[PDB]
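File shown here: run03.cif, holding mmCIF, C-alpha atoms (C1' of nucleotides); chains and numbers go by the auth columns.
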```cif
data_input
#
loop_
_atom_site.group_PDB
_atom_site.id
_atom_site.type_symbol
_atom_site.label_atom_id
_atom_site.label_comp_id
_atom_site.label_asym_id
_atom_site.label_seq_id
_atom_site.Cartn_x
_atom_site.Cartn_y
_atom_site.Cartn_z
_atom_site.B_iso_or_equiv
_atom_site.auth_seq_id
_atom_site.auth_asym_id
ATOM 1 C CA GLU A 1 0.000 0.000 0.000 0.00 1 Z
ATOM 2 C CA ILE A 2 0.944 3.692 0.077 0.00 2 Z
ATOM 3 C CA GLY A 3 2.854 3.559 3.355 0.00 3 Z
ATOM 4 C CA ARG A 4 6.215 5.058 2.327 0.00 4 Z
ATOM 5 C CA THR A 5 7.237 1.548 1.307 0.00 5 Z
ATOM 6 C CA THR A 6 10.264 0.605 -0.786 0.00 6 Z
ATOM 7 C CA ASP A 7 10.054 -3.193 -0.607 0.00 7 Z
ATOM 8 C CA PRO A 8 8.702 -5.051 -3.668 0.00 8 Z
ATOM 9 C CA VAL A 9 7.789 -7.946 -1.350 0.00 9 Z
ATOM 10 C CA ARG A 10 5.214 -5.841 0.499 0.00 10 Z
ATOM 11 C CA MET A 11 3.291 -4.609 -2.510 0.00 11 Z
ATOM 12 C CA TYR A 12 3.564 -8.009 -4.166 0.00 12 Z
ATOM 13 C CA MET A 13 1.631 -9.263 -1.144 0.00 13 Z
ATOM 14 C CA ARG A 14 -0.753 -6.361 -1.752 0.00 14 Z
ATOM 15 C CA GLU A 15 -1.264 -7.523 -5.345 0.00 15 Z
ATOM 16 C CA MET A 16 -1.839 -11.153 -4.359 0.00 16 Z
ATOM 17 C CA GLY A 17 -4.243 -10.102 -1.611 0.00 17 Z
ATOM 18 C CA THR A 18 -6.691 -8.654 -4.135 0.00 18 Z
ATOM 19 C CA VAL A 19 -7.495 -12.034 -5.717 0.00 19 Z
ATOM 20 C CA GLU A 20 -9.505 -14.405 -3.523 0.00 20 Z
ATOM 21 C CA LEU A 21 -8.582 -18.088 -3.238 0.00 21 Z
ATOM 22 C CA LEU A 22 -10.401 -20.720 -5.311 0.00 22 Z
ATOM 23 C CA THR A 23 -12.124 -23.960 -4.362 0.00 23 Z
ATOM 24 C CA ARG A 24 -11.761 -27.408 -5.910 0.00 24 Z
ATOM 25 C CA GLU A 25 -14.749 -26.926 -8.223 0.00 25 Z
ATOM 26 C CA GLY A 26 -13.653 -23.366 -8.997 0.00 26 Z
ATOM 27 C CA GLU A 27 -10.490 -24.706 -10.612 0.00 27 Z
ATOM 28 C CA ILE A 28 -12.644 -27.132 -12.607 0.00 28 Z
ATOM 29 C CA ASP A 29 -14.916 -24.303 -13.794 0.00 29 Z
ATOM 30 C CA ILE A 30 -11.970 -22.146 -14.849 0.00 30 Z
ATOM 31 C CA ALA A 31 -10.365 -25.103 -16.637 0.00 31 Z
ATOM 32 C CA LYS A 32 -13.751 -25.731 -18.271 0.00 32 Z
ATOM 33 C CA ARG A 33 -13.838 -22.226 -19.726 0.00 33 Z
ATOM 34 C CA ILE A 34 -10.202 -22.735 -20.761 0.00 34 Z
ATOM 35 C CA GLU A 35 -11.262 -25.920 -22.551 0.00 35 Z
ATOM 36 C CA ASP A 36 -14.106 -24.049 -24.239 0.00 36 Z
ATOM 37 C CA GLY A 37 -11.618 -21.453 -25.477 0.00 37 Z
ATOM 38 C CA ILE A 38 -9.174 -24.065 -26.751 0.00 38 Z
ATOM 39 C CA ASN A 39 -12.008 -25.909 -28.492 0.00 39 Z
ATOM 40 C CA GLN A 40 -12.993 -22.619 -30.132 0.00 40 Z
ATOM 41 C CA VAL A 41 -9.436 -22.076 -31.370 0.00 41 Z
ATOM 42 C CA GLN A 42 -9.261 -25.706 -32.529 0.00 42 Z
ATOM 43 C CA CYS A 43 -12.446 -25.160 -34.547 0.00 43 Z
ATOM 44 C CA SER A 44 -10.935 -21.964 -35.963 0.00 44 Z
ATOM 45 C CA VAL A 45 -7.837 -23.907 -37.040 0.00 45 Z
ATOM 46 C CA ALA A 46 -10.223 -26.561 -38.368 0.00 46 Z
ATOM 47 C CA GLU A 47 -11.867 -24.088 -40.733 0.00 47 Z
ATOM 48 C CA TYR A 48 -8.363 -23.187 -41.971 0.00 48 Z
ATOM 49 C CA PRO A 49 -7.201 -25.704 -44.620 0.00 49 Z
ATOM 50 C CA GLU A 50 -3.467 -24.983 -44.903 0.00 50 Z
ATOM 51 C CA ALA A 51 -2.648 -25.718 -41.254 0.00 51 Z
ATOM 52 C CA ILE A 52 -4.445 -29.045 -41.680 0.00 52 Z
ATOM 53 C CA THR A 53 -2.397 -29.727 -44.820 0.00 53 Z
ATOM 54 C CA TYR A 54 0.758 -29.092 -42.798 0.00 54 Z
ATOM 55 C CA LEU A 55 -0.487 -31.426 -40.043 0.00 55 Z
ATOM 56 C CA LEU A 56 -1.181 -34.145 -42.610 0.00 56 Z
ATOM 57 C CA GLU A 57 2.305 -33.631 -44.055 0.00 57 Z
ATOM 58 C CA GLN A 58 3.837 -34.339 -40.634 0.00 58 Z
ATOM 59 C CA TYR A 59 1.506 -37.324 -40.188 0.00 59 Z
ATOM 60 C "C1'" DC B 1 107.197 -18.932 -47.471 0.00 1 O
ATOM 61 C "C1'" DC B 2 103.775 -22.787 -49.389 0.00 2 O
ATOM 62 C "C1'" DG B 3 101.514 -27.398 -49.418 0.00 3 O
ATOM 63 C "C1'" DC B 4 99.533 -30.710 -46.995 0.00 4 O
ATOM 64 C "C1'" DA B 5 97.303 -32.312 -42.246 0.00 5 O
ATOM 65 C "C1'" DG B 6 94.196 -30.964 -38.749 0.00 6 O
ATOM 66 C "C1'" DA B 7 90.470 -28.445 -38.539 0.00 7 O
ATOM 67 C "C1'" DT B 8 86.777 -26.349 -40.887 0.00 8 O
ATOM 68 C "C1'" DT B 9 83.544 -25.977 -44.489 0.00 9 O
ATOM 69 C "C1'" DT B 10 80.033 -27.932 -48.671 0.00 10 O
ATOM 70 C "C1'" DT B 11 76.917 -30.867 -50.371 0.00 11 O
ATOM 71 C "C1'" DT B 12 73.662 -34.849 -51.119 0.00 12 O
ATOM 72 C "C1'" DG B 13 70.310 -38.348 -48.444 0.00 13 O
ATOM 73 C "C1'" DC B 14 67.305 -41.123 -45.528 0.00 14 O
ATOM 74 C "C1'" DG B 15 64.570 -41.906 -41.282 0.00 15 O
ATOM 75 C "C1'" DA B 16 61.171 -39.744 -37.917 0.00 16 O
ATOM 76 C "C1'" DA B 17 57.434 -37.698 -36.279 0.00 17 O
ATOM 77 C "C1'" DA B 18 54.145 -34.306 -35.539 0.00 18 O
ATOM 78 C "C1'" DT B 19 50.378 -31.684 -37.014 0.00 19 O
ATOM 79 C "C1'" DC B 20 45.920 -30.683 -39.452 0.00 20 O
ATOM 80 C "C1'" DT B 21 41.467 -32.600 -40.817 0.00 21 O
ATOM 81 C "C1'" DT B 22 38.262 -36.525 -40.680 0.00 22 O
ATOM 82 C "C1'" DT B 23 35.890 -40.624 -38.204 0.00 23 O
ATOM 83 C "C1'" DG B 24 34.451 -43.427 -34.086 0.00 24 O
ATOM 84 C "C1'" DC B 25 33.579 -43.070 -28.695 0.00 25 O
ATOM 85 C "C1'" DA B 26 32.500 -41.756 -24.127 0.00 26 O
ATOM 86 C "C1'" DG B 27 31.493 -38.449 -20.605 0.00 27 O
ATOM 87 C "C1'" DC B 28 28.626 -33.872 -20.296 0.00 28 O
ATOM 88 C "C1'" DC B 29 24.776 -31.867 -21.119 0.00 29 O
ATOM 89 C "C1'" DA B 30 20.222 -29.563 -22.649 0.00 30 O
ATOM 90 C "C1'" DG B 31 15.331 -29.671 -23.435 0.00 31 O
ATOM 91 C "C1'" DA B 32 11.091 -32.249 -23.865 0.00 32 O
ATOM 92 C "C1'" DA B 33 7.703 -35.058 -21.457 0.00 33 O
ATOM 93 C "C1'" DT B 34 4.550 -36.910 -16.892 0.00 34 O
ATOM 94 C "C1'" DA B 35 0.233 -35.840 -13.665 0.00 35 O
ATOM 95 C "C1'" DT B 36 1.658 -38.408 -5.791 0.00 36 O
ATOM 96 C "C1'" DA B 37 -0.884 -34.595 -1.088 0.00 37 O
ATOM 97 C "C1'" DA B 38 0.062 -29.711 -0.107 0.00 38 O
ATOM 98 C "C1'" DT B 39 -2.758 -21.799 -2.157 0.00 39 O
ATOM 99 C "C1'" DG B 40 -4.004 -14.947 3.477 0.00 40 O
ATOM 100 C "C1'" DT B 41 1.235 -16.025 3.973 0.00 41 O
ATOM 101 C "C1'" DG B 42 6.284 -15.581 6.252 0.00 42 O
ATOM 102 C "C1'" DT B 43 9.670 -12.666 8.017 0.00 43 O
ATOM 103 C "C1'" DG B 44 15.060 -11.353 7.954 0.00 44 O
ATOM 104 C "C1'" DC B 45 13.370 -6.726 11.459 0.00 45 O
ATOM 105 C "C1'" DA B 46 19.742 -7.961 15.723 0.00 46 O
ATOM 106 C "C1'" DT B 47 17.947 -2.145 18.413 0.00 47 O
ATOM 107 C "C1'" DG B 48 23.578 2.086 23.256 0.00 48 O
ATOM 108 C "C1'" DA B 49 27.498 7.699 19.272 0.00 49 O
ATOM 109 C "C1'" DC B 50 27.774 12.928 17.662 0.00 50 O
ATOM 110 C "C1'" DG B 51 27.080 17.249 15.010 0.00 51 O
ATOM 111 C "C1'" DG B 52 24.925 19.334 10.756 0.00 52 O
ATOM 112 C "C1'" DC B 53 21.164 19.877 7.658 0.00 53 O
ATOM 113 C "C1'" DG B 54 17.828 20.536 4.337 0.00 54 O
ATOM 114 C "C1'" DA B 55 13.465 18.483 2.909 0.00 55 O
ATOM 115 C "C1'" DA B 56 8.748 17.332 4.219 0.00 56 O
ATOM 116 C "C1'" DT B 57 4.111 18.232 6.282 0.00 57 O
ATOM 117 C "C1'" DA B 58 1.781 20.336 11.072 0.00 58 O
ATOM 118 C "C1'" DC B 59 0.093 23.546 13.783 0.00 59 O
ATOM 119 C "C1'" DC B 60 -0.502 27.798 16.521 0.00 60 O
ATOM 120 C "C1'" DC B 61 -1.546 33.436 16.178 0.00 61 O
#
```

Can you give me the file's structure in the form of structure tokens?
Amino acid sequence: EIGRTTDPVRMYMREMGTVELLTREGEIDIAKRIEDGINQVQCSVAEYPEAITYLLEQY
DNA sequence: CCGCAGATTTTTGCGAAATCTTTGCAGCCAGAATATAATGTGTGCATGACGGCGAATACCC
């Protein structure tokens, strides 16, 4: 905080204090939205032919 | 003071090996790959000169 501080440790703790801890199912929900995003990007790559041609070349 | 002997000088020759690059090997080493249970906490704070001094906010009049 603004306490005439000059230690990066202190305000790093300040930064980490803003975000609240997660639960077991919270991690699963966040990973689920991550999986939705990666499936979206996989579909986007899917609609692109040339990347698939390159993948088939390596196969 | 001159020509040959001892000493010194001239010339041709072979073995040896080391070095530079390439190839095979072994110790060194780097990244890539796998899914054990663990999230607001630690932490060092070590501490008794003395004089000068401006800068930085506070507070009375």

Please identify all residues of chain O having at least one atom at most 12 Å from any atom of chain Z, considering only C-alpha atoms (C1' of nucleotides), and return them as a ChimeraX atom specification. /O:39-43

Listed atoms of segment 16-22 of chain Z boxed along x, y and z, 3 Å each side, centre and edge lengths in Å, one decimal, as lines of an AutoDock Vina configuration file:
```
center_x = -6.1
center_y = -14.7
center_z = -3.7
size_x = 14.6
size_y = 18.1
size_z = 10.1
```

Between atom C1' of residue 55 of chain O and atom CA of residue 2 of chain Z lies a distance of 19.6 Å

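A straight line drawn from atom CA of residue 31 of chain Z to atom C1' of residue 31 of chain O is 27.0 Å long.
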
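For the pair atom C1' of residue 45 of chain O and atom CA of residue 6 of chain Z, the interatomic distance is 14.6 Å.
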
Missing atoms in segment 1-27 of chain Z need filling: write out N, CA and C atoms for it as a JSON list (two decimals), in the frame of the given file.
```
[["chain", "number", "residue", "atom", "x", "y", "z"],
["Z", 1, "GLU", "N", 0.83, -1.19, 0.00],
["Z", 1, "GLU", "CA", 0.00, 0.00, 0.00],
["Z", 1, "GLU", "C", 0.87, 1.25, 0.00],
["Z", 2, "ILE", "N", 0.24, 2.42, 0.04],
["Z", 2, "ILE", "CA", 0.94, 3.69, 0.08],
["Z", 2, "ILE", "C", 1.29, 3.98, 1.53],
["Z", 3, "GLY", "N", 2.43, 3.46, 1.97],
["Z", 3, "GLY", "CA", 2.85, 3.56, 3.36],
["Z", 3, "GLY", "C", 4.32, 3.91, 3.46],
["Z", 4, "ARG", "N", 4.79, 4.77, 2.56],
["Z", 4, "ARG", "CA", 6.22, 5.06, 2.33],
["Z", 4, "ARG", "C", 7.03, 3.76, 2.35],
["Z", 5, "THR", "N", 6.65, 2.87, 1.44],
["Z", 5, "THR", "CA", 7.24, 1.55, 1.31],
["Z", 5, "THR", "C", 8.21, 1.53, 0.14],
["Z", 6, "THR", "N", 9.28, 0.74, 0.28],
["Z", 6, "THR", "CA", 10.26, 0.60, -0.79],
["Z", 6, "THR", "C", 10.66, -0.85, -0.96],
["Z", 7, "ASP", "N", 9.80, -1.77, -0.51],
["Z", 7, "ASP", "CA", 10.05, -3.19, -0.61],
["Z", 7, "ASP", "C", 9.10, -3.82, -1.61],
["Z", 8, "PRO", "N", 9.60, -4.38, -2.72],
["Z", 8, "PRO", "CA", 8.70, -5.05, -3.67],
["Z", 8, "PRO", "C", 7.94, -6.21, -3.06],
["Z", 9, "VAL", "N", 8.48, -6.84, -2.01],
["Z", 9, "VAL", "CA", 7.79, -7.95, -1.35],
["Z", 9, "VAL", "C", 6.44, -7.48, -0.82],
["Z", 10, "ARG", "N", 6.44, -6.34, -0.12],
["Z", 10, "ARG", "CA", 5.21, -5.84, 0.50],
["Z", 10, "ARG", "C", 4.11, -5.67, -0.53],
["Z", 11, "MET", "N", 4.38, -4.93, -1.60],
["Z", 11, "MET", "CA", 3.29, -4.61, -2.51],
["Z", 11, "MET", "C", 3.00, -5.77, -3.46],
["Z", 12, "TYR", "N", 3.93, -6.73, -3.56],
["Z", 12, "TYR", "CA", 3.56, -8.01, -4.17],
["Z", 12, "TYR", "C", 2.51, -8.73, -3.33],
["Z", 13, "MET", "N", 2.68, -8.72, -2.00],
["Z", 13, "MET", "CA", 1.63, -9.26, -1.14],
["Z", 13, "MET", "C", 0.34, -8.47, -1.31],
["Z", 14, "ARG", "N", 0.45, -7.16, -1.49],
["Z", 14, "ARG", "CA", -0.75, -6.36, -1.75],
["Z", 14, "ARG", "C", -1.46, -6.84, -3.02],
["Z", 15, "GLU", "N", -0.69, -7.08, -4.08],
["Z", 15, "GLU", "CA", -1.26, -7.52, -5.34],
["Z", 15, "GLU", "C", -1.92, -8.89, -5.20],
["Z", 16, "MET", "N", -1.27, -9.81, -4.49],
["Z", 16, "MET", "CA", -1.84, -11.15, -4.36],
["Z", 16, "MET", "C", -3.03, -11.16, -3.41],
["Z", 17, "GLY", "N", -3.12, -10.16, -2.53],
["Z", 17, "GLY", "CA", -4.24, -10.10, -1.61],
["Z", 17, "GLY", "C", -5.55, -9.73, -2.28],
["Z", 18, "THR", "N", -5.48, -9.06, -3.44],
["Z", 18, "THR", "CA", -6.69, -8.65, -4.14],
["Z", 18, "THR", "C", -7.50, -9.85, -4.62],
["Z", 19, "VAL", "N", -6.83, -10.87, -5.15],
["Z", 19, "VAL", "CA", -7.50, -12.03, -5.72],
["Z", 19, "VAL", "C", -7.81, -13.01, -4.59],
["Z", 20, "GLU", "N", -9.06, -13.46, -4.54],
["Z", 20, "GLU", "CA", -9.51, -14.40, -3.52],
["Z", 20, "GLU", "C", -9.21, -15.83, -3.96],
["Z", 21, "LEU", "N", -8.91, -16.69, -2.99],
["Z", 21, "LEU", "CA", -8.58, -18.09, -3.24],
["Z", 21, "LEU", "C", -9.72, -18.81, -3.94],
["Z", 22, "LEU", "N", -9.41, -19.92, -4.61],
["Z", 22, "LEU", "CA", -10.40, -20.72, -5.31],
["Z", 22, "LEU", "C", -10.68, -22.00, -4.53],
["Z", 23, "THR", "N", -11.77, -22.66, -4.90],
["Z", 23, "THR", "CA", -12.12, -23.96, -4.36],
["Z", 23, "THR", "C", -11.78, -25.05, -5.38],
["Z", 24, "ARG", "N", -12.06, -26.30, -5.01],
["Z", 24, "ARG", "CA", -11.76, -27.41, -5.91],
["Z", 24, "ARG", "C", -12.60, -27.32, -7.18],
["Z", 25, "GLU", "N", -13.90, -27.04, -7.05],
["Z", 25, "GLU", "CA", -14.75, -26.93, -8.22],
["Z", 25, "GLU", "C", -14.52, -25.62, -8.97],
["Z", 26, "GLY", "N", -14.00, -24.59, -8.30],
["Z", 26, "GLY", "CA", -13.65, -23.37, -9.00],
["Z", 26, "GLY", "C", -12.56, -23.58, -10.02],
["Z", 27, "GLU", "N", -11.54, -24.36, -9.66],
["Z", 27, "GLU", "CA", -10.49, -24.71, -10.61],
["Z", 27, "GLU", "C", -11.07, -25.47, -11.79]]
```
